[PDB]
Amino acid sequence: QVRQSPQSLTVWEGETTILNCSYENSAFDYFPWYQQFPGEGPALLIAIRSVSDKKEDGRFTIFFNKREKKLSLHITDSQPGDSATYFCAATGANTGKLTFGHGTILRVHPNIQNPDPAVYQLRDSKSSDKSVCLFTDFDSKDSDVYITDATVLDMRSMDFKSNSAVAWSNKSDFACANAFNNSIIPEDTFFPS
């Protein structure tokens, strides 16, 4: 068993990401981390040996603590392009194959230079009752922005990569104020008519 925590993590550009791992087999002696970008296969990123307590490669650093059988990957100065799933893996002289942890999903929001939280309703270019609410800078947890009744009759999707969220409906009575928890969203959220 190789165990990672957390299952997923959301960070801001610039912040230090810390990814935790632990292992039960004290016969593990080699610990590579694999990085998997969206829609791609995993790729070897950085590895350390049991004989060593710290491995550095630019922005990426594995600290390794043999005794508590714990290690962690640090990414200083996190970049949007670091958004990926990170797998901690382990093997020893006397363990077959390579043993992967279940991975940590990392999402890095790009920095927001001038926050403009705003909600706009957009009409379908083709004649219908359909509309979309577009929430710019909605994050200036993320999904708490949404009303998830039971009432709204909508569908919802957030884009961590552009700091935006949408919600949409086929109901012509649909209004963007009822899609969102106004108590929780950014304080200066603009709702132009």
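From 1 onward, residues are counted along the sequence shown.
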{"property": "Gap size between residue 165 and residue 164, counted in deposited residues that the entry leaves unmodelled", "result": "none"}
{"property": "Residue 11 - which third its CA temperature factor falls in, relative to the rest of the chain", "result": "highest"}
{"property": "Cα B factor band for residue 62 (lowest, middle or highest third within the chain)", "result": "middle"}
{"property": "B-factor third for the C-alpha atom of residue 99 within its chain", "result": "middle"}
{"property": "Within-chain third of residue 31 by Cα B-factor, per the entry", "result": "lowest"}
{"property": "Third of the chain's Cα B-factor distribution that residue 168 belongs to, per the entry", "result": "lowest"}
